[PDB]
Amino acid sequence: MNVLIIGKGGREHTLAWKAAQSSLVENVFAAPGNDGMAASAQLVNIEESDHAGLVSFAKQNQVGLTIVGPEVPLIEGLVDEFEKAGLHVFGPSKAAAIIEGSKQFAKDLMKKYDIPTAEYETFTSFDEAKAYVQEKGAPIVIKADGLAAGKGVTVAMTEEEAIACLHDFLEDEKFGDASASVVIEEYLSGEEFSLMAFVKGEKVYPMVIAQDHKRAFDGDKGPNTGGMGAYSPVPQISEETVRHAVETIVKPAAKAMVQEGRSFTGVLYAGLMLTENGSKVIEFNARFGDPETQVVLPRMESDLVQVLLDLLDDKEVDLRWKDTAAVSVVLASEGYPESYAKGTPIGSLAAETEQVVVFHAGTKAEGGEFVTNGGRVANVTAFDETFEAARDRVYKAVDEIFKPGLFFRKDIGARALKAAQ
């Protein structure tokens, strides 16, 4: 079988990495992919907005299974297109991807279907939003409805902070139609973790959970990021905690989507907040998370390709997970999240430490080496029998392949490790 992974970041590398270990697969294509990915996936110069060249390529090159990595193509219906071409593909329809694409939709669905989440309202009028902020007071969370790039959530500690954001979103339309509408919801606290699951209709197959550092600098201070590293398992969250969110959140969400003419096949991502009231939904994503995938896929014992195939056909799925833990650290470019440097030489990026994989997020091959090719560059990930073992090993390799121009956090998984004792 030929498999087509789509996307260009660290998640897609892990996908190409895992698919390549599969015994069913003759060829793995990544489109576009990136240059660190090349031992795993024959790259393909079709960009991922290129739904037509992707469909055309896959149709003509006998792709038996396409996996779609990023959410925009899904939100914009790349899946529907492949199915029109008769192509076998893993991911949600444009109708299903709405569960991530419109946060209003997901807030409303959870409400309608009694799924635990922050209390909220959604606004299209700035005046009415502001009056609601002034009624509820701060803390309060201001969320753009549509994608907005990850940089469209503001946790406001003051009403002035909230009203400012409502001004950017609604009066200035910072994010266009993405911010044409706004979710305002209650501030929740606690441990945040990712619960991803393989979903098709009402069938849910949970994956092991992960946790990431969304914040730029150590001690979790600084602007937000797209992930500065993560790890799995999450020791300080019980096994019953997870089994419970699967039954009261994830399966109900899957079933809810079916019963709204929006049946969901793909990866459903529940980012969850374990509050003093129990687990609550911060948000759904409609695909593998980044960088959650880099620490979650390697722990899967099963063949992913076999797994997806049994899911798409409607057969018994045999999903087995490894006991080993994995921990991953992001090497980011100086300036990130804000304006960052492109072109920095960072060497071979290939550690000597064993039981390590560097998944490339932003990198180009140039000069026999790698240049920085993005805000977040690499995902030094390591595996081991227990958390802190793997945690110690990552930073070993972190300290091997590190080159000037990159930074990172030294405290990944540290707070979890402590609070786990």
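Quick note: we count residues from 1 along the sequence shown, nothing fancier.
Across the two stretches, 303-311 and 185-193, the PDB entry reports the greater mean Cα temperature factor for 185-193. Legend: mean Cα B-factor per stretch from the PDB entry, 280-288 versus 169-177; the higher mean is in 169-177. When the C-alpha B-factors of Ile67, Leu54, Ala365, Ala30 are ranked from the entry, the top spot goes to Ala365. The entry assigns its greatest Cα B factor, within the set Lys151, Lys143, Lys84, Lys112, to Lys151. Among all modelled residues in its chain, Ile98 ranks in the lowest third by Cα B-factor. Ranked by C-alpha B-factor against the other modelled residues of its chain, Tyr120 falls in the middle third. Split the chain's modelled residues into thirds by C-alpha temperature factor. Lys200 is in the lowest one. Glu76: CA B factor lies in the lowest third for its chain, per the PDB record. Ranked within its chain, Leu24 lands in the middle third, by CA B factor from the PDB record.
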